[PDB]
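Below: the structure, in C-alpha cells.
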Amino acid sequence: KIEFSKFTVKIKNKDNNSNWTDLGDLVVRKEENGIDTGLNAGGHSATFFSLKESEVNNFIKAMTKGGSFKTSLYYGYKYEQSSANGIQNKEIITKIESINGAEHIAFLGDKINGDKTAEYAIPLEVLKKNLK
C-alpha cells in the first residue's frame, strides 16, 4: 500500500566534462498500476521512465537504499538514444552518492549520440520524505 499521489524532486546530470549539473525537476506520479515519472528540463516536457505495480517495491527500495528496478518504458532525455522510441524493461540500477554534502540517488541512462551512457542524480532526502 502506497500513500502518495504526486510529487517533484530536482534531477541532475553529468555534463560534457563529467560534471554534475542541475538538469531540471522530475514529476513522479502514482498510477492505478505502476508509476509514471516525467522530465521537465528546459522547455521540454515529456515522460522519462515508467514501471508497473510489480516493480514498485523494487523502485522504492532502489530509490531510497540503492538497488535496481525494471521500467515498462525508458526514454530518458534528448541526447540519449532511447528518447525517440523508448525501451522496454530497461533495468535502472542505483547508487548512493554524496555530491556536495548531499547524498543523491545516482543511476546510468542510455547511450548517447567508445561507449558513453548518460548519468543521473536525485537527492536522497527528498526521495525518502516523499516515497511511501
Side-chain angles (χ1 to χ4, degrees):
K1 188 184 203 89
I2 303 301
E3 301 292 62
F4 82 79
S5 204
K6 167 171 79 182
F7 72 97
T8 319
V9 44
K10 275 281 168 195
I11 179 144
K12 299 172 172 273
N13 62 7
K14 282 208 148 137
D15 69 1
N16 294 271
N17 301 111
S18 326
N19 290 177
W20 291 117
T21 178
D22 290 358
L23 176 56
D25 301 56
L26 188 80
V27 172
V28 200
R29 193 212 308 144
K30 168 49 182 165
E31 324 272 70
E32 170 62 23
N33 175 28
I35 316 265
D36 186 65
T37 85
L39 185 45
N40 309 104
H44 135 316
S45 176
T47 283
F48 183 60
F49 71 69
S50 71
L51 63 105
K52 308 138 164 169
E53 272 317 272
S54 53
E55 290 310 306
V56 169
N57 288 346
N58 287 333
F59 186 73
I60 290 173
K61 148 82 161 67
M63 300 298 292
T64 45
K65 307 183 82 172
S68 109
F69 55 98
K70 187 209 290 292
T71 66
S72 55
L73 260 149
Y74 179 111
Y75 302 104
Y77 193 42
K78 42 185 169 147
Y79 296 110
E80 340 162 51
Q81 155 152 6
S82 48
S83 38
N85 302 129
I87 42 170
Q88 320 220 302
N89 308 3
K90 205 222 188 292
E91 192 73 9
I92 309 301
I93 296 154
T94 40
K95 58 182 137 206
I96 312 300
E97 252 186 38
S98 236
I99 278 162
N100 193 337
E103 290 193 301
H104 289 68
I105 287 300
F107 55 95
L108 302 170
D110 192 11
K111 254 165 148 215
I112 278 150
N113 220 44
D115 206 55
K116 204 182 94 204
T117 216
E119 195 137 20
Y120 291 101
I122 284 167
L124 179 51
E125 166 150 23
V126 182
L127 282 175
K128 284 168 73 180
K129 265 178 187 157
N130 292 261
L131 252 338
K132 342 102 55 161

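Positions are given from 1 along the sequence. Note that these values count all heavy atoms, side chains included, but never hydrogens, waters or copies made by symmetry.
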Checklist line | Sidechain-backbone polar pair: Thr21 side chain, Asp15 backbone, donor-acceptor under 3.5 Å | finding: no
Item checked: Other residues, nucleotides, ligands: >12 heavy atoms within 6.0 Å of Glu125 CD -> no
Next item on the list: Quick one: list whatever passes salt bridge (charged side-chain N to carboxylate O under 4.0 Å, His left out) with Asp25, sequence neighbours left out.
Entry: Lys10
Item checked: Side-chain heavy-atom pair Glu55, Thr71 within 4.5 angstrom cut-off -> no
Item checked: Other residues, nucleotides, ligands: >12 heavy atoms within 6.0 Å of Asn113 CG -> no
Item checked: Any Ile2 side-chain heavy atom under 4.5 Å of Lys30 side chain -> yes
Checklist line | Side-chain donor/acceptor of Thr64 to backbone N/O of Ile60, under 3.5 Å | finding: yes
Notebook entry, point to check: Is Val126 reachable from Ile105 through a run of I, L, V, M, F, W or Y residues, each pair having side-chain heavy atoms under 4.5 Å apart?
Noted result: yes
Checklist line | side-chain contact (heavy atoms from CB on, under 4.5 Å) evaluation trace for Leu124 with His104 | finding: CA-CA 5 Å; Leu124 179 51; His104 289 68; 5.9 Å; no
Next item on the list: Return the minimal non-hydrogen interatomic distance between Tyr75 and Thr47, and the atom names on each side.
Entry: CD1-O, 3.3 Å
Next item on the list: Given side-chain hydrogen bond (donor to acceptor under 3.5 Å, both in side chains), test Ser45 with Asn40 step by step and report yes or no.
Entry: CA-CA 4 Å; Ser45 176; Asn40 309 104; 2.8 Å; yes
Item checked: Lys116 side, atom NZ; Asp110 side, atom CG - distance, nearest 0.5 Å -> 12.5 Å
Next item on the list: Check the pair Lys12, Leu23 against side-chain contact (heavy atoms from CB on, under 4.5 Å), reporting the backbone distance first and the verdict last.
Entry: CA-CA 5 Å; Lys12 299 172 172 273; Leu23 176 56; 5.6 Å; no
Notebook entry, point to check: Is there side-chain contact between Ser82 and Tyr74, with at least one heavy-atom pair below 4.5 Å?
Noted result: yes
Next item on the list: Indicate, with yes or no, if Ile122 and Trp20 share a hydrophobic cluster defined by side-chain heavy-atom contacts under 4.5 Å among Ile, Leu, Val, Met, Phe, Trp and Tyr.
Entry: no
Margin query: Measuring from atom NZ of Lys132 to atom CG of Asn130, what distance do you get when rounded to the nearest 0.5 angstrom?
Written below: 7.5 Å
Next item on the list: Indicate if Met63 and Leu73 have the same hydrophobic cluster label, given that clusters are the connected sets of ILVMFWY residues with side-chain heavy-atom separations under 4.5 angstrom.
Entry: no
Notebook entry, point to check: Quick one: are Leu131 and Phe7 in side-chain contact, heavy atoms under 4.5 Å?
Noted result: yes
Notebook entry, point to check: Looking at the rings of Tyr120 and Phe49, which for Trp means the six-membered one, are their centres under 6.0 Å apart?
Noted result: no
Notebook entry, point to check: Would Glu31 and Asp36 satisfy side-chain contact (heavy atoms from CB on, under 4.5 Å), going step by step from the backbone distance to the final call?
Noted result: CA-CA 7 Å; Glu31 324 272 70; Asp36 186 65; 4.2 Å; yes
Next item on the list: Is it possible for you to say whether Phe107 and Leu51 belong to one hydrophobic cluster, with membership spreading through side-chain heavy-atom contacts below 4.5 Å?
Entry: yes
Next item on the list: Look at the side-chain heavy atoms of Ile, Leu, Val, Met, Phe, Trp and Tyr, link any pair under 4.5 Å apart, and say whether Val9 and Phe59 land in one connected group.
Entry: yes
Note to self: Within the supplied structure, the quantity of interest is the number of heavy atoms (other residues, nucleotides, ligands) at a distance under 6.0 Å from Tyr79 OH; does it exceed 12?
What the structure shows: no
Next item on the list: Dump the intermediate steps for side-chain contact (heavy atoms from CB on, under 4.5 Å) on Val28 and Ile35, then the final yes or no.
Entry: CA-CA 7 Å; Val28 200; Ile35 316 265; 3.4 Å; yes
Note to self: Using 0.5 Å steps for rounding, measure from the CD1 atom of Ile11 to the CG atom of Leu26.
What the structure shows: 5.5 Å
Give the table of side-chain donor-acceptor pairs shorter than 3.5 Å for residues 83-102, with sequence neighbours excluded, one pair per line with atom names and distance.
residue : atom : partner : partner atom : Å
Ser83   : OG   : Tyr77   : O            : 2.9
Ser83   : OG   : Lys78   : O            : 3.2
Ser83   : OG   : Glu80   : O            : 2.6
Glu91   : OE1  : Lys70   : N            : 3.1
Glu91   : OE2  : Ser68   : OG           : 2.4
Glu91   : OE2  : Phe69   : N            : 3.1
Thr94   : OG1  : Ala62   : O            : 3.0
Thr94   : OG1  : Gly67   : N            : 2.9
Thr94   : OG1  : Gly67   : O            : 3.3

Next item on the list: Report the distance from atom CG of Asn33 to atom OG of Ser72, rounding to the nearest 0.5 Å.
Entry: 8.5 Å
